[PDB]
Amino acid sequence: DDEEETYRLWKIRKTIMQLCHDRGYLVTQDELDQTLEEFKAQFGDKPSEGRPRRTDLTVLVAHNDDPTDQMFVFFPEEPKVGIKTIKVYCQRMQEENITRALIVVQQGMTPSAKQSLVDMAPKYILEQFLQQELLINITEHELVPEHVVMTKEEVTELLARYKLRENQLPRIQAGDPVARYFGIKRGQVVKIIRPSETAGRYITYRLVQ
Amino acid sequence: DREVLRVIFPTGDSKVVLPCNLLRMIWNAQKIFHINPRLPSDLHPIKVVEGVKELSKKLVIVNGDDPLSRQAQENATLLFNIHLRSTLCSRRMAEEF
Amino acid sequence: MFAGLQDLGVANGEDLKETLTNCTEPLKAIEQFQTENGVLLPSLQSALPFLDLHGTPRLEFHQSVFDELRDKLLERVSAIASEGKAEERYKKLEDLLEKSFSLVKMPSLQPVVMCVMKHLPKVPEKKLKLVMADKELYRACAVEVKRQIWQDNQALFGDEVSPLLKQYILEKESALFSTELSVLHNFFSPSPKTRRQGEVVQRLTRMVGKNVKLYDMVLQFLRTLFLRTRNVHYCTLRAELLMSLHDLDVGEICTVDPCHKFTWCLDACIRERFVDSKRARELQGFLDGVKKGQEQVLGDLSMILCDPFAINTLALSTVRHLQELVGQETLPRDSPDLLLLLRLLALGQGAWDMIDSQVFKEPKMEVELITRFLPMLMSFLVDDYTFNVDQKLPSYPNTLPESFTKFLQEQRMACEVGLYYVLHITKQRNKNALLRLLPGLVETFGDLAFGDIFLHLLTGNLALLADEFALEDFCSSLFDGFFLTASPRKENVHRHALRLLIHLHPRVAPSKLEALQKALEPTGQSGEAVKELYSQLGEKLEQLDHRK
Amino acid sequence: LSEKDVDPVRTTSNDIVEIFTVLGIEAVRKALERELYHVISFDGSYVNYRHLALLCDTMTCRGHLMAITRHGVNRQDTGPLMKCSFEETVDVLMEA
Amino acid sequence: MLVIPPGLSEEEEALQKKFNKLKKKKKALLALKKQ
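Along every chain, residue numbers run from 1 in sequence order, not necessarily as the entry numbers them; residues that have no coordinates are omitted. Going through the entries in the order they are written, you letter the chains from A and number the ligands from 1. Any value quoted here refers to the chains shown, not to the larger assembly they are part of. For the side-chain quantities, the full set of heavy atoms in the structure was used; hydrogens and water were omitted.

In terms of determination method and resolution, the entry is listed under cryo-EM at 3.3 Å.

In the nomenclature of the PDB entry, chain C is known as Negative elongation factor B of Homo sapiens. Its PDB record names the entry "Arrested elongation complex of mammalian RNA polymerase II with nucleosome (AEC1-nuc)". UniProt positions are given in the numbering used here, feature names are shortened, and annotations may be inferred rather than shown by experiment. Quoted straight from UniProt, the Subcellular location entry for chain C says "Nucleus". As its UniProt record puts it under Sequence similarities, chain C is described as follows: "Belongs to the NELF-B family."

Going by the PDB entry, chain B carries the name DNA-directed RNA polymerase subunit and comes from Sus scrofa.

Here it is as structure tokens:
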């Protein structure tokens, strides 16, 4: 089909825009809430054997606070990404001066690709994202409370206030869907805001490990 | 505070669990001092306002003046403070109690 | 007081006087004259008695109607500002101003004209000049109108901002000299957004607003002050004002300025405390966009790059890439971004030179700098690494070439880079290379080693190295090699020495404590701040001696 | 959840492991609390929220679903003696 | 315009020699860590 593919591409694009907005990257208001119709009109309404193909709607976004912190979002064509595709993506990012990529695969990439991706991490950080995980925005689910990423200074302020070491905080693993949504790395602390039926509102903290 | 409750309590279930049974203590106060809820009383409403405000400062759960500490203290007794304000209203103290 | 009702044909107080003078029977004249002048409401004639039956004057009635209709006119003019198509609503506003400006001075109908000329996209210039003619109308103008009209009057704006300029300079010169010294809590510690959170910055953002002429006036003022005084705080003011305008996303100012993006980026650099390959690369890409006839902007661009915070950020970035090259065993010429930082620092430091000389051509760099200076400090760092290795292996050679001192004395880039690497290694507790490079700090470019930036950062770093202050050798070497050379004539050096002695006296040995006390007793030729610092030092040391 | 005309906000799944893998550790905590409340208040009784909250917080304190069995609480680093107090005493003693 | 000579300068050569010495010492140290 082509109509369902158009719907899928629009949906994943919308979720990527929301994710970039959540991380603090500068996403304009108009493209954040562009409905299906303008997407169809501007990209092509015919992904199958048509101009709205992949690698055409890849997006670079710059950080709102810092103009020189940017992220590519790529949509590879081959269902199973191999070493060649991530290698050419590395090459493309090489002439650019940016170090952050967001891959949206259609099926799980090859184990060699994952191993190279995790070996590449210290200089060039990039993540994979199955398109199935992107058809919905999980932070809008009622079960997922408010997640906020905490700066290092306020983490130190927390630790000083409660006089506890970082290993005594509750933990969250980097493989968590919300953790991957916010792209947080180890040693980084997340504030969590919940509505409580006994207090009214409860704030807890989680250390990424 | 009404809007805050409505976003904490969807489906409109007002049965909550709280420390002090305010209505029963109001009834006790009415019966101890022989209030006679038929004659006009001598209770300046600003006394009600200031009394609620100064009571809210004494019920401390998180102790400290740090902004983090103040936020934690405010969040800990948010629900009870909402209930206290919704009960000890100047109008409710002026026409019902 | 009816200046303007003569244009509408409204009979005025003079007409009342002449009718009362040429009157035969008062009832006729007064009644007819003010009843034709009264509110022509058909049903109003029945309301008049009932108002005054209790004795309540009908003036209260008319004033109540006036106030209610004033509320209504304010709401309706706000609705005009909100609703209606642009062309029709602008034309309506223009016509309504044209037929209502006759009563602009009257405080009764002032809100009408004030809101109308507030909501106009472009108020007629003749009426703007007339408003500027009357001080009351000028003071009553809204912020939008004041933005719209502040074009010709430059003396008034200069006088308005001069106390703000003075207070800003005093704040920037007092933050550097703060009684508390620390590396993390220093002058450059607050983010540019936090630096703009000040009341002065918000007042200046409100004052400048969206007007191009006001922005250019501020640019000229700051350029002239920087030219006269060589005070780099004007650079920080210009950058903060430009970023505060950027935060509002004012199109009429940001779009016309190519430097607004650069200033936003540079303040981001300051916020991140570093310049990576990305930052230097994009700053190069923007700098190379010098089109024909736009070379003057370079000077103004240099005006942005002469920010003390920006200079600190670029020099610390140079230090970090130098350490990275030491770790990587790679030359600076194999990393173009370090040379990019050097060029950026050169433009920032030569901002004043290019502004004074008015030559809008990029100054050139001598190659001996890169061929000898940076390899020398990298040799020092490699020597420290070799000492560490040989310590682990089952002495540290501190041979300092004098061309280090020569480069620091003559070259501005060598001065900045060497001073910042000294700061970094003093923060790093790198005692050996600190003693190695200390005799080279006696003379630098324009006493940048004795300047406020480096002296504050050095005091902050030594506050971390207070433990070494217990030993006599460390304090003796540091003081004799840096402070005692410029102590008797330079106020800033002696003030920084006094602050360091105050803040690090718990560790200093009693012999060195007393030696520094004798070396730091000010005479009558020093300022009052010196006396205050001496009084604080005496109190602290007396309290310490009381603990015995 | 990705199907059209399906609410992606209110749709739950009664399964804690699936919710953990899809939505995260806080979502599984809230869902686990709701499931315990449903299974306990089904008879019409009442147990104070503090006890469910404490149980759920201990169950999901380490970022992964900690089962209350020996495989969940003995793998947590709490000391050989209380571990042998629970189960497989001599085994954990030999390991220690 | 910035121009850099193709040849290696005096201090560059000394720095590269010290790079070589530090590299050899650190490789010997790592071999010791192997032992």
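This is not the end of the story, as more comes after the structure.
(A) Structural detail: the overall build of chain C. Each helix is a run of H or I in the DSSP string that is no shorter than four residues. Each strand is a run of E no shorter than two, and both are numbered from the N terminus. From N to C terminus, chain C includes 30 helices and zero strands. The C-alpha radius of gyration computed for chain C amounts to 34 Å, which surpasses the reference 24 Å derived for 548 residues by more than 25%, pointing to a less compact arrangement than a globule. Taken along its principal axes, the extent of the C-alpha atoms in chain C is 125 × 65 × 40 Å. Expressed as a percentage of its 548 residues, the buried residues of chain C come to 46%. By element, 53% of the accessible surface of chain C is carried by carbon and sulfur atoms, the whole surface being about 28,300 Å². When charges are tallied, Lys and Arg are placed among the positive residues and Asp and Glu among the negative ones, while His and the ends of the chain are skipped. All charge positions are set by atom: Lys at NZ, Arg at CZ, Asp at CG, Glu at CD. Treating the 66 positive side-chain charges of chain C as one cloud and the 75 negative ones as another, the clouds have centres 2 Å apart. C-alpha atoms define the radius of gyration in this analysis, and the globule rule sets the expected value at 2.2 Å times the number of residues to the power 0.38. Only protein chains enter the accessibility calculation, which uses a 1.4 Å probe. A residue is then buried if its area is under 20% of the maximum for its type, exposed if over 50%, and partly exposed in between. For the accessible areas, the method is Shrake-Rupley and the probe is 1.4 Å, while residue cover comes only from the protein chains on display.

(B) Fine view of the interface of chain E and chain C. Working rule for contacts: check all heavy atoms of both residues, and any pair within 4.5 Å makes them a contact. Of the residues lining the interface, 19 residues belong to chain E; the matching set on chain C comes to 25 residues. The junction of chain E with chain C conceals about 2,000 Å² of combined surface from both sides, 72% of it contributed by carbon and sulfur atoms. Whenever a carboxyl oxygen of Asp or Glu lies within 4 Å of a side-chain nitrogen of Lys or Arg, that contact is scored as a salt bridge. Joining chain E to chain C, the criterion identifies two salt bridges. The partner of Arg 333 of chain C in a salt bridge is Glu 12 of chain E, and the shortest N-O contact between them spans 2.9 Å. What qualifies as a polar contact is a pair of N or O atoms within 3.5 Å, subject to a donor-acceptor requirement within protein and to the restriction that residues adjacent in sequence count only when both atoms come from side chains. Linking chain E with chain C are four residue pairs in polar contact, by the criterion used here. The quantity reported as buried area is the accessible area (1.4 Å probe) lost by two parts once they are put together, taken as the sum for both.

(C) Broad picture of the interface of chain D and chain A. On the chain A side, the residues contacting the 28 residues of chain D number 27 residues. In this assembly, chain D packs against chain A so that about 2,300 Å² is buried in total across both faces, 56% of it on carbon and sulfur atoms. In this structure, the connection of chain D to chain A is made through three salt bridges. Here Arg 34 of chain D and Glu 142 of chain A are joined by a salt bridge, their closest N and O atoms 3.0 Å apart. There are eleven residue pairs in polar contact connecting chain D and chain A. Looking at the side of chain D that touches chain A, the elements with two or more residues in it are α1 (16-22), α2 (25-40) and α3 (49-59) of chain D. Among the elements that make up the side of chain D that touches chain A, the one with the highest residue count is α2 of chain D (seven residues). The nonpolar class holds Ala, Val, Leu, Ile, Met, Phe, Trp, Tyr, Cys and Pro. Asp, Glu, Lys and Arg form the charged class, and all remaining residues, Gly among them, are polar. Its residues assigned to classes, the side of chain D that touches chain A comprises twelve nonpolar, eight polar and eight charged.

(D) Up close: the nonpolar core. Residues and elements named next belong to chain C. Grouping buried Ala, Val, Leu, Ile, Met, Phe, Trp, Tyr and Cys residues that are joined through side-chain atoms within 4.5 Å yields what is termed a nonpolar core. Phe 373, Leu 374, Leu 377, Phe 469, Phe 482 and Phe 483 are the most contacted members of the largest nonpolar core, which totals 107 residues. At twelve residues, helix α22 (residues 367-392) tops the list of elements feeding residues into this core. Other than its neighbours up to four places away in sequence, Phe 469 contacts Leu 462, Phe 474, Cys 475, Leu 478, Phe 479, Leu 500, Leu 504, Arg 507, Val 508 and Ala 509. Core analysis: the second largest hydrophobic core is formed by 51 residues, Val 113, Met 117, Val 208 and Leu 237 among them.

(E) Geometry of the packing of helix α14 (residues 233-247) of chain C against helix α16 (residues 259-272) of chain C. Residue and element names in this part refer to chain C. Comment: axis = line fitted to C-alpha atoms, over the contacting stretch for helices; angle = value between 0 and 180 degrees taken between N-to-C directions. At their nearest, the axes of α14 and α16 sit 9 Å apart, and the two run at 105 degrees to each other. Between α14 and α16, the angle falls in the class roughly perpendicular. Facing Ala 239, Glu 240, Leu 242, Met 243, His 246 and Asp 247 of α14, the residues of α16 in contact are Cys 259, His 260, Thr 263, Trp 264, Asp 267 and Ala 268. Angles below 35 degrees are treated as roughly parallel, those above 145 as roughly antiparallel, those between 65 and 115 as roughly perpendicular, and all remaining angles as oblique.

(F) Region of the structure containing a negative patch on the surface. The patches reported here contain residues having more than 30% relative accessible area and no salt bridge. Joining distances are 9 Å for like charges and 5 Å for nonpolar side chains (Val, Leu, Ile, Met, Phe, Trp, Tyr). A contiguous patch of negative charge, built from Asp 30, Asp 33, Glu 37 and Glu 38 of chain A, is present on the exposed surface. Turning to its location among the elements, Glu 38 of chain A is positioned in helix α3 (residues 36-43).

(G) Up close: the environment of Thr 405 of chain C. One can find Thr 405 of chain C in helix α23 (residues 403-410). It is 17 Å that separates the C-alpha atoms of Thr 405 of chain C and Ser 477 of chain C, two residues lying 72 residues apart in sequence.

(H) Focus on helix α5 (residues 78-87) of chain B. Residues and elements named next belong to chain B. Here α5 lies mainly inside the structure; seven of its ten residues are buried. Along α5, the residues that are buried comprise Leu 78, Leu 79, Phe 80, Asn 81, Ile 82, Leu 84 and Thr 87. Those residues of α5 hidden inside the fold are in contact with α1 (2-8), α2 (22-32), α3 (45-58), α4 (67-76) and α6 (90-95).

(I) How the structure looks around empty space enclosed by the protein. Residue and element names in this part refer to chain C. In this structure, the largest cavity encloses a volume near 50 Å³. Within this scheme a cavity is a closed region of a 1 Å grid, computed over the protein atoms alone, that accommodates a 1.4 Å probe without allowing it to escape, whereas a pocket is open but has protein on both sides within 12 Å along at least five of seven lines; lining residues each have an atom within 4 Å of a point. Taken together, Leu 298, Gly 299, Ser 302, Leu 347, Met 354, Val 359, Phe 360, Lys 361 and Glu 362 make up the lining of the largest cavity. If you tally residues by element for the lining of the largest cavity, the top one is helix α18 (residues 296-305), at three residues. Residue classes in the lining of the largest cavity are distributed as five nonpolar, two polar and two charged. Grid points are joined across faces, edges and corners, and a volume is the space filled by probe spheres set on the points.

(J) Focus on the packing of helix α24 (residues 412-427) of chain C against helix α26 (residues 452-464) of chain C. Residues and elements named next belong to chain C. At a minimum axis separation of 8 Å, α24 and α26 run at an interaxial angle of 15 degrees. The orientation of α24 with respect to α26, classified from their angle, is roughly parallel. The hand of the α24/α26 crossing is left-handed. Of α26, the residues touching α24 (which contributes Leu 419, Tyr 420, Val 422, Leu 423, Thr 426 and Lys 427) are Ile 453, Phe 454, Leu 457, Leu 458, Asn 461, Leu 462 and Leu 464. Considering only residue class, the contact of α24 with α26 consists of ten nonpolar, two polar and one charged. By convention, the crossing between two helices is left-handed when the near helix turns anticlockwise from the far helix through less than a right angle, and right-handed when the turn is clockwise.

(K) Expanded view of the sheet that holds strand β1 (residues 59-62) of chain A. All names here are of chain A. In short, DSSP must find at least two bridges between two strands for them to pair. On the basis of which strands lie adjacent, the open sheet formed by four strands has the order β1-β2-β3-β4 and mixed pairing. The open sheet terminates on both sides in strands that have one partner only, identified here as β1 and β4 (125-130). Taking the axes of each pair of neighbouring strands and ignoring which way they run, one obtains an average angle of 20 degrees across the sheet. Here strand β2 (residues 70-74) pairs with strand β3 (residues 100-105) via three bridges, running parallel. Looking at the pairing, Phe 72 lines up with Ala 101 of β3.

(L) Structural view of the sheet that holds strand β5 (residues 146-149) of chain A. Here we have four strands laid out as an open sheet, ordered β5-β7-β8-β6 (chain A), and mixed in their pairing. If you trace the sheet from one side to the other, it starts and ends with β5 and β6 (171-172) of chain A, each paired once.

(M) Molecular detail of the pattern of salt bridges. For the structure shown, the criterion picks out 43 salt bridges over all chains. Between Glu 49 of chain A and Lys 46 of chain A there is a salt bridge whose closest N-O contact spans 4.0 Å. For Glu 49 of chain A, a relative accessible area of 65% puts it in the exposed group. Look at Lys 46 of chain A and you get partly exposed, because its relative accessible area is 30%. Put simply, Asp 66 of chain A and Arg 279 of chain C hold a salt bridge, and the shortest N to O gap is 2.2 Å. Separated into two different chains, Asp 66 of chain A in the loop between β1 and β2 and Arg 279 of chain C in helix α17 (residues 277-287) make up a pair that spans both. Take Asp 66 of chain A: its relative accessible area is 6%, and that puts it in the buried class.

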